[PDB]
């Protein structure tokens, strides 16, 4: 699976590594795939307008070949959102994650 994140916060290198590590663990654990199949990207310092403001925000695309659904997506969303809340102070109302179950 891949998680491709974009945020308007300029993230420092240490915080970036922390997020990549935390997201790797969360994606592997919750979908049920080995970490060797999990890729996380963090595009930071990307200007974002959401709801008419440029307050801190993030966008993510989570793509998996199977393994998604109502019993998984809610947990992934909550877990990744909490990582960005703690590490970047991004409110969950300004983080949109799009899930896609790929053929």
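Residue numbers count along the first chain shown, from 1.
**Student:** Averaged over C-alpha atoms, is the B-factor higher for 38-46 or for 65-73 in this PDB entry?
**Tutor:** Result: 65-73.
**Student:** Based on the deposited C-alpha B factors for this chain, I'd like to know if residue 52 is in the lowest, middle or highest third.
**Tutor:** Ranked within chain, residue 52 CA B lands in the highest tercile.
**Student:** Within this chain, which third does the Cα B-factor at residue 81 fall in: lowest, middle or highest?
**Tutor:** CA B-factor rank for residue 81: lowest third.
**Student:** Please place residue 11 in the lowest, middle or highest third of its chain according to the CA B-factor in the PDB entry.
**Tutor:** For residue 11, the deposited C-alpha B-factor lands in the highest third.
**Student:** Split into thirds by Cα B-factor across the chain's modelled residues, where does residue 88 land: lowest, middle or highest?
**Tutor:** Its C-alpha B-factor belongs to the middle third of this chain's values.
**Student:** Per the entry's values, where does residue 58 land by CA temperature factor relative to the rest of its chain, in the lowest, middle or highest third?
**Tutor:** Within its chain, residue 58 is a lowest-third residue by C-alpha B-factor, going by the deposited values.
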